[PDB]
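Engineer: Got a structure for you, written out below as structure tokens; questions coming shortly.
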Amino acid sequence: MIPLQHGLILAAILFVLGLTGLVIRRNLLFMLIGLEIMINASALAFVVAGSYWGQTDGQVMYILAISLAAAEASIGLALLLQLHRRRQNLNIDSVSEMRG
Amino acid sequence: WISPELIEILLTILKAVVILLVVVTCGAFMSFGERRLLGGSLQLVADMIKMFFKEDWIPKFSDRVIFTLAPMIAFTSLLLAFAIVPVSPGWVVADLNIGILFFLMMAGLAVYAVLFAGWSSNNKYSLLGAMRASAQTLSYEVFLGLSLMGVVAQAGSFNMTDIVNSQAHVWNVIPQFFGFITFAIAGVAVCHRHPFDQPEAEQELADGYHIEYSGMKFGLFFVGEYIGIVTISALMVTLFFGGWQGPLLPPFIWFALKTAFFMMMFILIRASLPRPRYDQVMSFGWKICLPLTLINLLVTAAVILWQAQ
Amino acid sequence: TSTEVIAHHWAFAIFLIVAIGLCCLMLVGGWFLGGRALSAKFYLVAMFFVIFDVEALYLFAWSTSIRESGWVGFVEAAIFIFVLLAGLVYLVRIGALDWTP
Amino acid sequence: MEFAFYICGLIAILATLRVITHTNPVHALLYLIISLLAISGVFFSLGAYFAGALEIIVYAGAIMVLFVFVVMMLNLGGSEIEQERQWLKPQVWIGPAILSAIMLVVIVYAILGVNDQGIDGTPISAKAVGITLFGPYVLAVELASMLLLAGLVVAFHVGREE
Amino acid sequence: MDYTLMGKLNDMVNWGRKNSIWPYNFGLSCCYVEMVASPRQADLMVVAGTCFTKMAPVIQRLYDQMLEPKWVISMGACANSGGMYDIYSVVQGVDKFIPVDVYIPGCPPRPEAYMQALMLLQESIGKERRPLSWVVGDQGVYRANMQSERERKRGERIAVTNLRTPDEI
Ligand SMILES: CCCCCCCCCCCCCCCCCC(=O)OC[C@H](COP(=O)(O)OCCN)OC(=O)CCCCCCCCCCCCCCCCC
Ligand SMILES: CCCCCCCCCCCCCCCCCC(=O)OC[C@H](COP(=O)(O)OCCN)OC(=O)CCCCCCCCCCCCCCCCC
Ligand SMILES: CCCCCCCCCCCCCCCCCCCC
Ligand SMILES: CCCCCCCCCCCCCCCCCCCC
Ligand code: SF4
């Protein structure tokens, strides 16, 4: 009784909001937060699609998605801590040394 | 306005409310019992009145929402985790298909009370003590679920009534003994009970996170801790000691006897055991209890698959 | 859509609502009444918790369907748990889980 | 299950909109936790019970705990970003908001016009997910263990103190 | 009795504050070691020891950190008046800078004298009027002028005739 279009539109809205947060925020922590919003939105879209078809593959894709989300959040926060302890500054525009 | 469907839903709602009120009052009475063993109901009512009519002082340099939100989490997390516990046939709040997973959800949310209290209490020492306490609770929440997973493997489902029915012949304390001891250790360590009381006592650069909480927020932390040990005891009963199943007594009598026995045993091991060092606690968790839960799950699966012709 | 399931849904909803409202009312009554007048090891243990919690979720999914998967599922989960334990042994031996070096 | 889906989707959208435009990291992480709980309620409304349970257990109970840990240990007390609030200036956010709105419009136009019998919302249990996970998706499980090992090794090598 | 600057529940509030008293025992000096929670949670401060000038600010600060309603019990001659130390480095009494509700003579007092002081403080709490809320009603605290313990106990004390001789144990 819940349309597939509505669930996919909700997932698309969350994905777009996470991408906007990734773009407009200069702090690296908020960039990681936007990345987490984007990957959670894509996982929600997989769950919506799997629930529409009555298949378990959507939740399996969700499980792989959140495995990726956990591991890359760990890596990104480790790199954030390294940047903080090497520069005392989380500005992502300051770490821009290599240029064309 | 008379219909048996409305009567049924009203009676189920009334049963849920009765269960909730009995759990809260039992948590308060267990706080009284620990304070006395280490009228009384009138003294607890006096304590509640005093904490109500004492002024609630939020610190000036403290974040109000996080400071207010930490005791709410500390109460409501395990108080809501109780909702899956079947105390009697026909006396369960929610017959959820996820069950013990709902308990794991609530414990994972329960770590936020410690983190939020430490951050909002604007003090570096309190922050460091909360970081140590949260590291300890993560170190034991890492294997809480697997210690339950042995029993889940034996039952074949996450539903609690199915676990109670699968303990009809032999209670799960006998086959899942290592799951039982690991779940007891993890449940004590998640609720910050003795011997995992004060991880900040190993350093003078740290302080407890309950400091700067005055009056009703401190009361929320106190009653939330005791309600947490009540629901941990009830989960222990329903997962390892048959739940409500017994030969002669009514089922609620058996469940209440086992839960009261486990609450008294938690009081006894608080009064008896000494607290180990912090690094000893972390090493014991990560190096002993997690591999023991994994090996117990493997052995349980092998025994189940062998005993299926 | 039976009577029992909707009764338990209403009972669970009332349990959650009355619980959260009881905590809220406790704080409201406390506030209204009465007169007036770091180290990187924490990151390491939290990250280890996250990784081993995801691997625990895989074992959560396995544990509820052991009989339906048979011995083949046992072999696959045994390989999973072996890789998990080898990672744990590696973390212990390199001093990652050693709190006092 | 319909009203729950719509109200939880609304709460999730509002919470993440508050996340991306907030200055306090702990407040933003709290709103992110609220959005994750709302998304778990969305999962429960669609019958994906295992997915909602893991959304609270793992996403709102492990990953966001790691984020809160990092925020608390770095102690963001307004290090030359809170006192500026450059993302609230129109020239910084107006452009990317237009770009994201265009992307959302194109995606939503693609969503519409697709045949839809509706989501049944019937509960797909964790037993069925476990059967599929250790049945036709075995190598996914084993290489996901390898993926988490890779993340573990990378995060230890980069994030250790010495 | 006179008082110095809707009824049943006020009595219940006084009963709750009376039967629930969480003390903060300040060490200070030998009175505490005879007798042997955070100041935010405590509602009673028991000052028992010599008020030195170097830690009178410590006493004042830890008293200011407490939250209303708050009561003070001063144990021993040092906390009452300075005691035997009328000297340059000693504040002559706790009540020089913070208000004291109950005084106990002695050097040191016995622990059951501290229990007696707790009983007296319980009566004083039970016979006092405090504001119910910070938005409704009068925001004034009415301490009751209790009859002194020496006027109350005068008859039984003066009636004493003979005592045991000090030649025995
Ligand atoms: C300050 C307040 C902050 C917010 C607090 C919480 C807000 C919401 C409170 C109102 C809730 C209203 C009732 C919700 C529905 C209850 C019934 C329900 O969930 O039923 C659905 C499902 C039933 O499953 P089952 O019975 O097994 O099978 C039937 C076959 N279809 O059962 C399930 O799917 C069960 C799993 C879902 C259970 C969710 C429980 C609440 C989780 C959030 C806790 C928040 C804790 C405090 C804050 C933490 C930090 C932010
Ligand atoms: C009310 C206005 C807003 C007020 C503030 C926010 C409060 C929380 C609002 C969202 C959560 C409650 C929504 C209402 C749920 C009511 C119960 C319901 O709809 O149950 C139906 C269904 C039961 O399952 P099923 O068996 O499939 O039903 C068909 C029957 N054959 O149920 C399901 O399938 C699943 C039911 C939902 C999942 C469980 C609850 C999730 C809670 C998420 C909380 C998110 C954080 C909220 C924070 C609030 C403060 C900012
Ligand atoms: C510490 C224990 C907490 C228990 C909380 C729930 C209490 C529920 C009480 C239910 C009582 C009636 C049970 C059904 C009838 C069988 C027993 C009859 C004699 C009491
Ligand atoms: C039905 C009874 C079967 C008994 C024999 C079971 C053993 C034979 C089949 C084993 C299959 C194991 C597959 C494991 C794949 C691991 C891949 C790892 C990739 C990194
Ligand atoms: S009154 Fe006597 S016993 Fe008490 S602190 Fe003073 S000197 Fe010590």
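Letters A, B, ... go to the chains of the structure tokens in the order shown; residues in each chain start at 1; ligands are counted from 1 in the same order.
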Compute the set of protein, DNA and RNA residues whose minimum atom distance to ligand 5 is at most 9 Å, using only C-alpha atoms and all ligand atoms, and state it as an NGL selection string.

Structural biologist: :E and (28-34 or 48-51 or 75-80 or 82-85 or 105-109)

Engineer: Quick one: residues within 7 Å of ligand 1, with only C-alpha atoms and all ligand atoms, as a list in words?

Structural biologist: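 So the residues close to ligand 1 are residues 73, 76, 77, 94, 95, 96, 97, 98, 102, 106, 109 and 112 of chain B; 5, 9, 10, 12, 13, 16, 17 and 20 of chain C; 30, 33, 34, 37, 41, 44, 49, 122 and 123 of chain D.
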
Engineer: By how many Å are CA of residue 172 (chain B) and CA of residue 280 (chain B) apart?

Structural biologist: 29.2 Å

Engineer: Contacts of region 46-53 of chain C at 7 Å or less, counting only C-alpha atoms, minus same-chain residues fewer than 2 places along, as a PyMOL selection string?

Structural biologist: (chain A and resi 70-71+74) or (chain B and resi 135+138-139+142) or (chain C and resi 42-44+55-57) or (chain D and resi 58+62-63+66+148+152)

Engineer: Those same residues - C-alpha atoms - I'd like them written as a PDB file, in the first residue's frame.

Structural biologist:
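Output file selection08.pdb is given in full below:
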```
ATOM      1  CA  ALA A  70      31.532   1.344   9.078  1.00  0.00           C
ATOM      2  CA  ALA A  71      34.940   0.579   7.577  1.00  0.00           C
ATOM      3  CA  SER A  74      36.771   4.271  10.588  1.00  0.00           C
TER       4      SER A  74
ATOM      5  CA  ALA B 135      35.505   2.554  26.185  1.00  0.00           C
ATOM      6  CA  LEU B 138      32.047  -0.715  24.160  1.00  0.00           C
ATOM      7  CA  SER B 139      34.603  -3.371  25.134  1.00  0.00           C
ATOM      8  CA  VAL B 142      31.224  -6.081  21.591  1.00  0.00           C
TER       9      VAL B 142
ATOM     10  CA  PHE C  42      39.921   5.573  22.844  1.00  0.00           C
ATOM     11  CA  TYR C  43      39.523   5.982  19.087  1.00  0.00           C
ATOM     12  CA  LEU C  44      41.221   2.618  18.572  1.00  0.00           C
ATOM     13  CA  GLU C  55      31.126  -8.913  11.975  1.00  0.00           C
ATOM     14  CA  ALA C  56      28.852  -9.706  14.920  1.00  0.00           C
ATOM     15  CA  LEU C  57      25.888  -8.654  12.761  1.00  0.00           C
TER      16      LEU C  57
ATOM     17  CA  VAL D  58      25.178  -0.672  13.941  1.00  0.00           C
ATOM     18  CA  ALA D  62      28.338   1.840  16.656  1.00  0.00           C
ATOM     19  CA  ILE D  63      29.252   4.247  13.839  1.00  0.00           C
ATOM     20  CA  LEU D  66      32.702   6.462  16.880  1.00  0.00           C
ATOM     21  CA  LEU D 148      36.369  -5.131   7.460  1.00  0.00           C
ATOM     22  CA  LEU D 152      40.739  -2.366  10.623  1.00  0.00           C
TER      23      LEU D 152
END
```

Engineer: Hey, what's within 10 Å of region 78-81 of chain A if we count only C-alpha atoms and toss same-chain stuff fewer than 6 positions away? As a list in words, please?

Structural biologist: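 My reading of the contact set: residues 28, 29, 32, 72, 87, 88, 89 and 90 of chain A; 40, 43, 44 and 47 of chain C; 70, 71, 73, 74, 154, 155, 156, 157, 158, 159, 160 and 161 of chain D.
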
Engineer: Can those selected residues be exported to a file as a PDB file, in the first residue's frame so that it contains C-alpha atoms?

Structural biologist:
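New file result-v6.pdb:
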```pdb
ATOM      1  CA  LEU A  28      36.328  17.683   7.242  1.00  0.00           C
ATOM      2  CA  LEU A  29      34.176  16.215  10.025  1.00  0.00           C
ATOM      3  CA  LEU A  32      32.447  12.724   6.705  1.00  0.00           C
ATOM      4  CA  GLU A  72      35.239   3.824   5.617  1.00  0.00           C
ATOM      5  CA  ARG A  87      48.095  20.622  11.570  1.00  0.00           C
ATOM      6  CA  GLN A  88      45.773  21.517  14.512  1.00  0.00           C
ATOM      7  CA  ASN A  89      43.323  22.551  11.799  1.00  0.00           C
ATOM      8  CA  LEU A  90      40.432  20.674  10.191  1.00  0.00           C
TER       9      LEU A  90
ATOM     10  CA  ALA C  40      44.152   7.940  20.495  1.00  0.00           C
ATOM     11  CA  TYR C  43      39.523   5.982  19.087  1.00  0.00           C
ATOM     12  CA  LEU C  44      41.221   2.618  18.572  1.00  0.00           C
ATOM     13  CA  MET C  47      36.908   1.572  15.963  1.00  0.00           C
TER      14      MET C  47
ATOM     15  CA  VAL D  70      36.162  11.586  17.719  1.00  0.00           C
ATOM     16  CA  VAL D  71      34.255  14.850  18.271  1.00  0.00           C
ATOM     17  CA  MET D  73      38.404  13.817  21.809  1.00  0.00           C
ATOM     18  CA  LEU D  74      39.187  16.575  19.297  1.00  0.00           C
ATOM     19  CA  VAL D 154      44.151   0.885   7.641  1.00  0.00           C
ATOM     20  CA  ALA D 155      42.538   2.623  10.608  1.00  0.00           C
ATOM     21  CA  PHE D 156      45.075   1.151  13.027  1.00  0.00           C
ATOM     22  CA  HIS D 157      48.042   2.143  10.851  1.00  0.00           C
ATOM     23  CA  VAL D 158      46.837   5.707  10.344  1.00  0.00           C
ATOM     24  CA  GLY D 159      45.182   6.447  13.678  1.00  0.00           C
ATOM     25  CA  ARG D 160      47.649   5.076  16.225  1.00  0.00           C
ATOM     26  CA  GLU D 161      49.345   7.683  18.394  1.00  0.00           C
TER      27      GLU D 161
END
```

Engineer: Using only C-alpha atoms, which residue out of D:153, D:29, D:72, D:138 lies closest to residue 130 (chain B)?

Structural biologist: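 Ranked by minimum distance to residue 130 (chain B), first place goes to D:72.
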
Engineer: 6 Å from ligand 4 is the threshold here; counting only C-alpha atoms and all ligand atoms, which polymer residues fall inside it? Answer as a PyMOL selection string.

Structural biologist: (chain C and resi 70-72+75-76) or (chain D and resi 139+142-143)

Engineer: So that I can check the secondary structure, give me every residue of region 145-225 of chain B assigned alpha helix (DSSP H) by backbone DSSP, as JSON, numbers by chain.

Structural biologist: {"B": [145, 146, 147, 148, 149, 150, 151, 152, 153, 154, 155, 160, 161, 162, 163, 164, 165, 166, 177, 178, 179, 180, 181, 182, 183, 184, 185, 186, 187, 188, 189, 190, 216, 217, 218, 219, 220, 221, 222, 223, 224, 225]}

Engineer: Using DSSP on the backbone coordinates, identify the residues of chain E assigned to strand (DSSP E or B); present them as a list in words.

Structural biologist: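 Answer for chain E restricted to strand (DSSP E or B) is residues 3, 4, 23, 24, 25, 26, 44, 45, 46, 47, 48, 52, 71, 72, 73, 74, 75, 90, 102, 103, 104, 129, 133, 142, 143 and 144 of chain E.
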
Engineer: Let me see if you get this right: every residue at most 6 Å from ligand 3, counting only C-alpha atoms and all ligand atoms, written as a list in words.

Structural biologist: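 Checking only C-alpha atoms and all ligand atoms against ligand 3 at 6 Å gives residues 19, 22, 23, 87, 88, 250, 251, 252, 256, 259 and 260 of chain B.
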
Engineer: Selection from above, C-alpha atoms, as a compact mmCIF listing (two decimals), in the first residue's frame, can you write it?

Structural biologist:
```txt
# COMPACT_ATOMS: atom_id res chain seq x y z
CA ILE B 19 4.34 -4.32 34.02
CA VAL B 22 6.01 -2.78 38.72
CA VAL B 23 9.42 -2.55 37.01
CA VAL B 87 6.86 -12.56 32.51
CA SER B 88 4.00 -15.07 32.11
CA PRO B 250 2.16 -20.48 38.95
CA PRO B 251 4.38 -19.18 36.12
CA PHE B 252 4.59 -15.60 37.40
CA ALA B 256 9.47 -13.49 40.09
CA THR B 259 14.37 -12.56 38.96
CA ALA B 260 14.52 -11.72 42.68
```

Engineer: With only C-alpha atoms as the counted atoms, please give the residues lying no more than 7 Å from region 3-16 of chain A, apart from itself and same-chain residues fewer than 5 positions off, as a list in words.

Structural biologist: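 With the cut-off at 7 Å, the set is residues 37, 38, 41, 42, 44, 45, 48 and 52 of chain A; 9, 13, 100, 104, 108, 111, 112, 116, 118 and 119 of chain D.
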
Engineer: Next, the residues of the selection above should be written as a tab-separated table (two decimals), in the first residue's frame with N, CA, C and O atoms.

Structural biologist:
```tsv
chain	number	residue	atom	x	y	z
A	37	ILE	N	25.59	10.25	5.53
A	37	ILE	CA	24.21	10.47	5.09
A	37	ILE	C	23.98	9.89	3.70
A	37	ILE	O	22.96	9.25	3.44
A	38	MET	N	24.94	10.10	2.79
A	38	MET	CA	24.80	9.60	1.42
A	38	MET	C	24.77	8.07	1.38
A	38	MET	O	23.93	7.47	0.68
A	41	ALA	N	21.55	6.77	2.78
A	41	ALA	CA	20.45	6.97	1.84
A	41	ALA	C	20.45	5.93	0.73
A	41	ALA	O	19.39	5.41	0.35
A	42	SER	N	21.63	5.61	0.20
A	42	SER	CA	21.72	4.58	-0.83
A	42	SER	C	21.32	3.21	-0.28
A	42	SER	O	20.65	2.42	-0.97
A	44	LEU	N	19.20	2.74	2.21
A	44	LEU	CA	17.74	2.82	2.34
A	44	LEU	C	17.05	2.58	1.00
A	44	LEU	O	16.00	1.94	0.95
A	45	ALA	N	17.62	3.10	-0.09
A	45	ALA	CA	17.06	2.86	-1.41
A	45	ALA	C	17.10	1.38	-1.77
A	45	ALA	O	16.15	0.85	-2.35
A	48	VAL	N	14.31	-0.31	0.24
A	48	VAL	CA	13.01	-0.01	-0.37
A	48	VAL	C	12.79	-0.89	-1.60
A	48	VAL	O	11.72	-1.51	-1.76
A	52	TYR	N	10.02	-3.92	-2.08
A	52	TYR	CA	9.04	-3.90	-3.17
A	52	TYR	C	8.94	-5.26	-3.86
A	52	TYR	O	7.84	-5.72	-4.17
D	9	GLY	N	9.75	9.19	7.58
D	9	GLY	CA	10.46	9.81	6.48
D	9	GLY	C	10.54	11.32	6.61
D	9	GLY	O	11.57	11.93	6.32
D	13	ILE	N	14.03	13.43	6.98
D	13	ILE	CA	14.37	14.54	6.08
D	13	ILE	C	14.66	15.81	6.87
D	13	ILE	O	15.67	16.48	6.64
D	100	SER	N	22.25	20.61	-6.39
D	100	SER	CA	21.61	19.46	-5.76
D	100	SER	C	20.12	19.42	-6.04
D	100	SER	O	19.55	18.33	-6.18
D	104	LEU	N	18.23	16.35	-7.81
D	104	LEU	CA	17.03	15.76	-7.22
D	104	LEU	C	15.86	15.78	-8.20
D	104	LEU	O	15.09	14.82	-8.27
D	108	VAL	N	14.10	12.40	-9.41
D	108	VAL	CA	12.68	12.20	-9.09
D	108	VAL	C	11.86	12.05	-10.37
D	108	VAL	O	10.92	11.24	-10.42
D	111	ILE	N	12.24	8.59	-11.22
D	111	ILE	CA	11.48	7.71	-10.34
D	111	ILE	C	10.04	7.60	-10.82
D	111	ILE	O	9.47	6.50	-10.87
D	112	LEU	N	9.43	8.73	-11.15
D	112	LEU	CA	8.06	8.72	-11.63
D	112	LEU	C	7.98	8.12	-13.03
D	112	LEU	O	8.95	8.13	-13.79
D	116	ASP	N	4.31	0.43	-10.58
D	116	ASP	CA	4.36	0.27	-9.13
D	116	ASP	C	3.11	-0.45	-8.67
D	116	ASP	O	2.01	0.10	-8.75
D	118	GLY	N	2.99	-1.31	-5.54
D	118	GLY	CA	3.00	-0.97	-4.12
D	118	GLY	C	3.81	-1.96	-3.31
D	118	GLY	O	3.92	-3.14	-3.63
D	119	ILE	N	4.39	-1.45	-2.23
D	119	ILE	CA	5.16	-2.29	-1.31
D	119	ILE	C	4.18	-2.98	-0.37
D	119	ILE	O	3.36	-2.33	0.27
```

Engineer: I want to know what sits within 8 Å of region 123-130 of chain E, based on only C-alpha atoms, with residues of the same chain fewer than 3 positions away left out; could you give that as JSON, numbers by chain?

Structural biologist: {"C": [35], "E": [10, 11, 14, 15, 17, 18, 119, 120, 139, 140, 141, 142, 143, 144, 146]}

Engineer: What would the file look like if the residues just selected were written as a PDB file, in the first residue's frame with N, CA and C atoms?

Structural biologist:
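Listed below is the output, selection-v8.pdb:
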```pdb
ATOM      1  N   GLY C  35      12.002  26.148  45.194  1.00  0.00           N
ATOM      2  CA  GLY C  35      12.444  27.522  45.127  1.00  0.00           C
ATOM      3  C   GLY C  35      13.837  27.653  44.546  1.00  0.00           C
TER       4      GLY C  35
ATOM      5  N   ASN E  10       2.513  21.056  52.030  1.00  0.00           N
ATOM      6  CA  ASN E  10       3.701  21.729  52.548  1.00  0.00           C
ATOM      7  C   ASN E  10       4.309  20.941  53.703  1.00  0.00           C
ATOM      8  N   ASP E  11       3.454  20.389  54.569  1.00  0.00           N
ATOM      9  CA  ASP E  11       3.924  19.510  55.631  1.00  0.00           C
ATOM     10  C   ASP E  11       4.544  18.241  55.062  1.00  0.00           C
ATOM     11  N   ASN E  14       8.009  19.213  53.903  1.00  0.00           N
ATOM     12  CA  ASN E  14       8.898  19.283  55.058  1.00  0.00           C
ATOM     13  C   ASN E  14       9.251  17.895  55.571  1.00  0.00           C
ATOM     14  N   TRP E  15       8.294  16.967  55.538  1.00  0.00           N
ATOM     15  CA  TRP E  15       8.555  15.595  55.959  1.00  0.00           C
ATOM     16  C   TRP E  15       9.543  14.906  55.024  1.00  0.00           C
ATOM     17  N   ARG E  17      11.871  16.460  53.113  1.00  0.00           N
ATOM     18  CA  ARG E  17      13.184  17.053  53.344  1.00  0.00           C
ATOM     19  C   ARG E  17      13.766  16.621  54.682  1.00  0.00           C
ATOM     20  N   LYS E  18      12.907  16.362  55.668  1.00  0.00           N
ATOM     21  CA  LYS E  18      13.357  15.907  56.976  1.00  0.00           C
ATOM     22  C   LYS E  18      13.917  14.494  56.908  1.00  0.00           C
ATOM     23  N   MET E 119      18.796  14.814  64.848  1.00  0.00           N
ATOM     24  CA  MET E 119      17.415  14.853  65.332  1.00  0.00           C
ATOM     25  C   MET E 119      16.912  16.290  65.481  1.00  0.00           C
ATOM     26  N   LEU E 120      17.748  17.162  66.052  1.00  0.00           N
ATOM     27  CA  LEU E 120      17.370  18.565  66.209  1.00  0.00           C
ATOM     28  C   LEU E 120      17.165  19.244  64.858  1.00  0.00           C
ATOM     29  N   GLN E 139       8.268  34.073  47.998  1.00  0.00           N
ATOM     30  CA  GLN E 139       9.614  33.512  47.894  1.00  0.00           C
ATOM     31  C   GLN E 139      10.452  33.887  49.117  1.00  0.00           C
ATOM     32  N   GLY E 140       9.972  33.459  50.275  1.00  0.00           N
ATOM     33  CA  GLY E 140      10.671  33.705  51.522  1.00  0.00           C
ATOM     34  C   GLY E 140      10.688  32.459  52.378  1.00  0.00           C
ATOM     35  N   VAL E 141      11.781  32.295  53.117  1.00  0.00           N
ATOM     36  CA  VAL E 141      11.984  31.149  53.995  1.00  0.00           C
ATOM     37  C   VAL E 141      11.751  31.600  55.429  1.00  0.00           C
ATOM     38  N   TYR E 142      10.867  30.896  56.131  1.00  0.00           N
ATOM     39  CA  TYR E 142      10.468  31.240  57.494  1.00  0.00           C
ATOM     40  C   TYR E 142      11.055  30.212  58.460  1.00  0.00           C
ATOM     41  N   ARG E 143      12.237  30.514  58.988  1.00  0.00           N
ATOM     42  CA  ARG E 143      12.788  29.728  60.083  1.00  0.00           C
ATOM     43  C   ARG E 143      11.976  29.968  61.349  1.00  0.00           C
ATOM     44  N   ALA E 144      11.770  28.908  62.122  1.00  0.00           N
ATOM     45  CA  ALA E 144      10.999  28.984  63.355  1.00  0.00           C
ATOM     46  C   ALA E 144      11.937  29.125  64.541  1.00  0.00           C
ATOM     47  N   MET E 146      12.857  28.115  67.572  1.00  0.00           N
ATOM     48  CA  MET E 146      12.658  26.990  68.470  1.00  0.00           C
ATOM     49  C   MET E 146      13.023  27.373  69.897  1.00  0.00           C
TER      50      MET E 146
END
```
